[PDB]
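The structure's right below; bear with me while I get my questions together.
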Amino acid sequence: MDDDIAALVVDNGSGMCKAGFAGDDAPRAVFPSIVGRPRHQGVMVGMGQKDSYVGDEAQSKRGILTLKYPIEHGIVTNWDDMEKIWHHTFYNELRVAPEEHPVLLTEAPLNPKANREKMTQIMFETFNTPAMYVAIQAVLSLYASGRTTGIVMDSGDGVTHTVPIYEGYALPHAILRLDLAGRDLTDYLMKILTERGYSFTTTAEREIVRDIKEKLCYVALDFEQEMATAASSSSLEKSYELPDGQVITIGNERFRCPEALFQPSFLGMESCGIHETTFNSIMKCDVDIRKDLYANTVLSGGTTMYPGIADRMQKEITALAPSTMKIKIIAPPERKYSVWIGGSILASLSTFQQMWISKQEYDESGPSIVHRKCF
Amino acid sequence: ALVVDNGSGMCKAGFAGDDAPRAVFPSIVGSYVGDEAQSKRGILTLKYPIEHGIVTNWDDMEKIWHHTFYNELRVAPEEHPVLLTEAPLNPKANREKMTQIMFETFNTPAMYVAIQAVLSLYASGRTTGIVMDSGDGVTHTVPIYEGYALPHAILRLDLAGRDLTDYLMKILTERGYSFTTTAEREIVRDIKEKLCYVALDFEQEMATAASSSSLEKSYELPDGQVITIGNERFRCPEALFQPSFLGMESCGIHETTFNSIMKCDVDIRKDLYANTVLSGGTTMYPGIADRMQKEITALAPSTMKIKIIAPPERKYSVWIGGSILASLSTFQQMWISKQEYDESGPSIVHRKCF
Amino acid sequence: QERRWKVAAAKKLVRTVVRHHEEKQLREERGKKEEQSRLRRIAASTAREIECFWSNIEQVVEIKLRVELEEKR
């Protein structure tokens with residue numbers, strides 16, 4: 001289609017949302033597409049009360065506003081929220097008509113077909129778009145890395161999944177859903193910190209702790225080395241004073257949390273770990289292809305920016321898999337933007353308009369044709 | 001091609017190749033027919049041409065078939081073949097009367113007559129088996145070997161849904177709720193079809209009902225009044241297995257099935273035990289298949305392998321088998337033609353149909 | 001002879017009926033497996049195009065780096 005028209009790319013991730021235009025090697029402006037509402041309505045009357053707050057309006061007053069994920073476990077809770085988000089993005093943030101530019105939506109794996117028919121009908125009736133195509137986030141994330149063979153071990157902010165793909169052959173039967181992700185372990189960290197006497201209730205404090213973890217905490221390649229360093233040295237250990245004047249001392253939690261990411265035995269409950277889930281997912285595939293899947297293990301995801309993660313994955317693969325076979329791990333800095341890059345390259349295709357569902361095809365075949373064409 | 005299953009209570013009519021009937025209506029006549037007769041019963045007195053699977057008034061049956069063609073299906077019968085069904089052990093003159101009526105009154109180009117149990121066997125996809133066909137007016141057990149019904153082994157039981165509805169009326173009146181009129185009969189029939197079930201162990205279920213309210217369920221009348229049903233949920237279907245509740249000196253459906261099996265040759269009984277298929281609207285109660293499995297296992301040798309076949313669509317198995325049969329290419333040679341009738345008479349149906 | 005014809009015709013009718021039942025199962029299982037195979041093909045077509053594009057950008061990157069950065073920019 002026409003090169004001058006840039007198809008809209010919106011990827012509503014768990015912890016973030018990315019927007020941009022085709023032809024760019026990275027997103028331009030990144031803002032989370034999440035809605036933060038007051039705990040009780042009517043408290044803030046007189047300051048311009050609004051039914052919903054999206055973007056900078058919710059981010060600025062985050063300290064007294066609860067953060068809520070509209071998508072929980074890849075399930076939609078209130079369609080009006082994403083209707084409002086799409087309207088605000090098109091008409092205010094971007095100031096473009098969705099009817100004039102194509103729009104590409106992304107869905108989580110194992111989505112029920114009822115929800116697919118529902119959002120198909122929604123944006124075909126309300127917005128009157130000319131075409132619709134849907135692509136899974138994980139497969140685009142793997143393809144943007146630059147290899148079509150491997151397994152995606154993406155531990156999201158709210159949900160964990162393992163998507164084994166063999167030379168473009170996605171395996172929905174092999175995709176495993178696990179309710180053990182960063183949310184549960186972060187809640188556990190906050191719970192033990194509160195039990196320790198350090199209280200953290202405001203969402204601004206939560207984001208401050210998250211930023212401190214992202215910028216300072218690093219994955220422990222060797223637990224005993226960390227114990228020896230902590231017992232012998234205190235250079236790596238620091239005390240941080242919050243902006244509000246509170247004094248807090250952070251001890252072993254800084255490197256116990258990354259240990260909790262890969263070893264959930266700290267909680268003391270008998271449940272399968274994320275590495276065990278990925279191992280079981282790999283076992284479901286054919287025995288012969290396990291060699292080349294291990295040889296092309298790719299790390300990607302919208303919540304994998306933990307420093308030192310690649311060395312830990314190398315250690316775990318060396319411990320589990322045989323060492324006689326070569327292992328290479330490719331973790332680009334823009335692995336978080338891999339799904340965005342996938343959407344961007346798919347948006348810049350003139351030959352792919354045949355794969356796009358035309359308005360004639362949709363009107364003839366109903367919303368269910370999206371289940372046939374889109375994966 | 002048309003398939004018309006004019007059973008005891010309800011007439012199912014439709015086209016061959018379809019997966020279910022297009023028209024279902026009561027087999028009654030006042031000149032009004034079906035729902036028109038049932039709604040307008042204050043004007044004309046009602047009549048059943050079929051009594052226990054056997055036609056007893058052909059002038060009314062002509063009216064029923066005329067309603068089936070020209071009102072329900074809305075087709076000219078002279079342009080379609082018509083597959084009809086008859087109860088087992090039908091008198092041979094009734095076949096002749098049916099053929100005469102079809103060819104002379106309605107001017108069909110071709111027709112056929114089939115046994116209902118054999119059509120149920122076709123619907124269940126079996127070559128050999130025994131069919132327990134329990135309708136609204138009569139119950140039969142028909143052993144079939146390689147598609148051939150064995151007439152000497154067929155047994156008739158004069159027990160069906162109408163008797164169960166009357167017994168439900170009786171026991172509900174014993175509880176206290178009065179149901180006497182034909183208007184109340186449809187209400188009690190709805191209660192039967194909605195709430196009744198077959199208990200796996202009758203005595204233990206009765207003790208549970210006596211000692212607790214776990215089995216009770218409420219029902220709402222069309223008047224808005226609300227009642228409660230207790231052990232009547234499973235006392236009424238139990239009359240199939242214990243006809244003495246109805247004051248009948250007869251064996252149950254399980255014993256009838258076993259006896260009909262034992263009237264057959266010893267070689268084929270293993271196939272009949274393993275392909276006992278249930279058919280008819282009276283077999284639609286929950287739990288009946290497991291109860292029949294238990295009861296026939298109690299009677300049969302331990303070496304035999306009992307299997308009860310109860311499809312969810314078993315209230316239209318006869319019509320489904322007719323639709324299957326009439327659509328086959330191999331069957332098209334088996335139609336009775338108009339010329340064959342004109343040259344041979346009504347006795348052609350005995351030549352061609354089995 | 002009428003008895004023998006009746007039993008033979010009944011046998012043939014049941015055999016054709018069960019064959020009709022079985023052919024529907026074979027048809028539906030082959031159809032859904034063909035649907036899954038077409039899913040397997042169309043899903044991997046996108047990966048095929050993406051890896052061909054990646055080969056293309058790798059090739060043009062190499063040829064651009066050649067000739068000493070293309071006469072040094």
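Taken together, the values in this text are just the output of simple stated rules run on the coordinates, not laboratory data. Neighbour counts are summed over all protein chains in view; Cβ atoms, including those assigned to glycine, are modelled from backbone coordinates with ideal geometry.
Nearest 5 percent is fine: what portion of the DSSP beta bridges confined to chain A is antiparallel?
Antiparallel: roughly 75 percent of the beta bridges in chain A.
Students often forget the sequence filter, so: which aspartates and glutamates lie under 16 Å Cα-Cα from B:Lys263 once same-chain residues fewer than 8 apart are removed?
Counting by Cα, and skipping residues close in sequence, B:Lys263 has these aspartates and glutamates nearby: B:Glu255, B:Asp271.
Other chains' Cβ within 10 Å of C:35-47 residues: what's the mean?
5
Convert each backbone phi in region A:290-298 into a coupling constant with the Karplus relation 6.51 cos²θ - 1.76 cosθ + 1.60 (shift: θ = phi - 60°), then list the ³J(HN,Hα) values in order as whole Hz, x for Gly and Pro.
Those phi angles translate into 4, 4, 6, 5, 5, 5, 10, 6, 10 Hz.
Assuming a ≥ b ≥ c are the square roots of the Cα gyration tensor eigenvalues, decide whether the protein assembly as shown counts as rounded (a/c under 1.5), prolate (otherwise, with a/b larger than b/c) or oblate.
prolate
Students often forget the sequence filter, so: which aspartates and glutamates lie under 18 Å Cα-Cα from A:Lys373 once same-chain residues fewer than 8 apart are removed?
Leaving aside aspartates and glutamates fewer than 8 places away in the same chain, those within reach of A:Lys373 are A:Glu107, A:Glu117, A:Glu361, A:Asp363, A:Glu364, C:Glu34, C:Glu35, C:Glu49.
Name the long-range amide H neighbours of A:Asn12: under 5 Å, sequence gap of 5 or more, or other chain; modelled H, no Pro or chain starts.
A:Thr106
What's the FRET efficiency of B:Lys294 with B:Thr56 using the Cβ-Cβ distance as r and R₀ = 51 Å, to the nearest 0.05?
0.85
If the convex hull of the alpha-carbon atoms of region B:237-304 is projected onto planes in all directions, what is the mean projected area in square nanometres?
4.9
Related question: At a Cα cut-off below 30 Å, give the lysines reachable from A:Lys50, other chains included and same-chain residues fewer than 8 away excluded.
A:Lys18, A:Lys61, A:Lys68, A:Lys84, A:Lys118
Equivalent-ellipsoid semi-axes (√(5λ), Cα gyration tensor) for chain C, whole Å, largest first?
Equivalent ellipsoid of chain C: 69, 9, 4 Å, largest first.
Taking only DSSP H segments of four or more residues, each worth -39500 (n - 2.57), what value at 222 nm results for chain B once the sum is divided by all its residues, to the nearest 500 deg cm²/dmol?
-10000 deg cm²/dmol
Only Cα pairs under 8 Å and at least 6 apart count here; give the relative contact order of chain A as a rounded whole percent.
23
Let me ask something additional. What net charge is computed for the residues neighbouring A:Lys191, neighbours being all others with C-beta under 14 Å from the C-beta of A:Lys191, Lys and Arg scored +1, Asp and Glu -1?
0
Evaluate Rg over Rh across chain B, taking Cα atoms for both radii and Kirkwood's formula for Rh.
Rg/Rh: 0.98.
Per residue of A:163-169, what is the mean number of Cβ atoms on other protein chains within 10 angstrom of that residue's Cβ?
Counting other chains' Cβ atoms within 10 Å and averaging over A:163-169 gives 4.
Output wanted: per-residue J couplings in Hz (rounded whole) for region C:51-65, from phi through Karplus 6.51 cos²θ - 1.76 cosθ + 1.60, θ = phi - 60°, x for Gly and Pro.
Those phi angles translate into 6, 5, 5, 5, 4, 5, 5, 5, 5, 6, 5, 5, 6, 5, 5 Hz.
What are the residues whose amide H is under 5 Å from the amide H of A:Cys17, where those residues sit 5 or more places off or on another chain and H is modelled from the backbone?
Result for A:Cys17 returns A:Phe31, A:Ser33.
What nm value, rounded to one decimal, do you get for the distance between A:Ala29 and A:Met325 when each label is placed 7 Å out toward the C-beta?
4.7
I'd like the antiparallel share, as a percent to the nearest 5, of DSSP beta bridges with both residues in the protein assembly as shown.
Looking only at bridges with both residues in the protein assembly as shown, the antiparallel portion is about 70 percent.
Sticking with this structure for a sec: Which of these, A:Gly74, A:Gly42, A:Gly182, has the largest mean-square fluctuation under a Gaussian network model of chain A (Cα springs below 10 Å)?
A:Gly42
Another one. Rank these for me by crowding, C:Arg66, B:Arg189, going from fewest to most other beta carbons within 10 Å.
By the 10 Å Cβ count, ascending, the order reads C:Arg66, B:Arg189.
Summing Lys, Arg as +1 and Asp, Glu as -1, what charge do residues with Cβ under 12 Å from the Cβ of B:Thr297 carry, B:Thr297 excluded?
Its environment carries a net charge of +2.
Would region A:180-271 count as rounded, prolate or oblate if I go by the C-alpha gyration tensor, calling it rounded below 1.5 in a/c and otherwise prolate when a/b exceeds b/c, oblate otherwise?
Oblate shape, in that a/c is at least 1.5 and b/c is the bigger or equal ratio.
Then there is this: Restricting attention to region A:1-58, which trypsin sites (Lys or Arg not before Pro) occupy a DSSP loop and are surrounded by at most 15 other Cβ atoms within 10 Å?
Passing both the DSSP loop test and the Cβ count: A:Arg28, A:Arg39, A:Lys50.
Under a point-charge model restricted to the Cβ atoms of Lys and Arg (+1) and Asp and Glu (-1), what is the dipole moment magnitude of chain C relative to its Cα centre, in debye to the nearest 20?
1220
What residues qualify as long-range amide H neighbours of A:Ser300, i.e. H under 5 Å apart, gap of 5 or more or another chain, H built at 1.01 Å from N?
A:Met153
Considering only the other residues whose Cβ falls under 13 Å of the Cβ of B:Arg41, what net charge follows from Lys and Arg at +1 and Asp and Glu at -1?
Its environment carries a net charge of 0.
Something else: Per-residue HN-Hα couplings for region B:18-26, Karplus 6.51 cos²θ - 1.76 cosθ + 1.60 at θ = phi - 60°, whole Hz, x for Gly and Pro?
6, 7, 7, x, 8, 9, 9, 7, x
Oh, and also: Go from 0 up to the bin containing the longest alpha carbon distance in region B:281-351, width 10 Å each, and give me the % of pairs per bin.
15, 25, 23, 21, 14, 2
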